[PDB]
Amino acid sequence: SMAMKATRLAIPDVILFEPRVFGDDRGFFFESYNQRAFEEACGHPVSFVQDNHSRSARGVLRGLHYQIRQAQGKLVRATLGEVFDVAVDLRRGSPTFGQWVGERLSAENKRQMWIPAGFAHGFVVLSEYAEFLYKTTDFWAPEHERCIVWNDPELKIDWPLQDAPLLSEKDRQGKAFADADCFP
């Protein structure tokens, strides 16, 4: 059936991958991506054109981001530390439109999320520092990126936080879900 776990989440097009590890803490190997397993998992062909690597401190929240033109699927993981990663379904006519799912991803649990075109995406850093990396199917373009505010009362995402997040001005100024332009 495979040789890295794939799990459909409450929103079925959002998928959680868990690679099999070979070795232990002193010395290990794992596949962080296999085209065959991945394409068999999500049901269609995918091409990744860009990889993006970032480092953010504790409590930094980046989201909820999405591009309507140059739409992107994103396969996300943590190589250092721990994030809580969130996908919001924004697809015209989706039976789960306006719903969110969230998973803790870390360098320890080695978990990943596939967030297809049509979703908004965000994460908050829970560890002292987190290094986050993702593969996209089209290029990150700021002039096309849109944003829904992290703490929108209608989505009412359950961020595992005890303190206020540290947001950029842009994310602070995120649109309310109500007011958001969504995907055709």
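In case it trips you up, residue 1 is the first one in the sequence shown, and so on. Each form is matched to the other, and the largest set of C-alpha atoms that superpose within 1.5 Å is called the rigid core.
Taking the root mean square of C-alpha distances over all structures and residues in 4 other deposited structures of this protein, with a rigid core superposition, name the larger of 24-32 and 143-151.
Looking at 24-32 versus 143-151 in 4 other deposited structures of this protein, the farther one turns out to be 24-32.
Superpose on the core, then say which of 48-56 and 134-142 ends up with the larger RMS Cα offset from this form in 4 other deposited structures of this protein.
When 134-142 and 48-56 are compared in 4 other deposited structures of this protein, the bigger C-alpha shift is seen for 134-142.
Which is higher on average in the deposited entry, the C-alpha temperature factors of 29-37 or of 42-50?
It is 42-50.
Comparing 159-167 with 15-23, where is the mean C-alpha B-factor higher?
Averaging CA B-factors over each stretch, the winner is 159-167.
What third of the chain does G63 rank in for C-alpha temperature factor, lowest, middle or highest?
Its C-alpha B-factor belongs to the middle third of this chain's values.
Among the chain's modelled residues, which third holds the C-alpha B-factor of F132?
Middle third of the chain for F132's C-alpha B-factor.
According to the PDB entry, is the CA B factor of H121 in the bottom, middle or top third of its chain, that is, lowest, middle or highest?
Answer is middle: the recorded C-alpha B-factor places it there.
Could you tell me which third, lowest, middle or highest, the C-alpha B-factor of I115 occupies within its chain?
Middle third by C-alpha B-factor.
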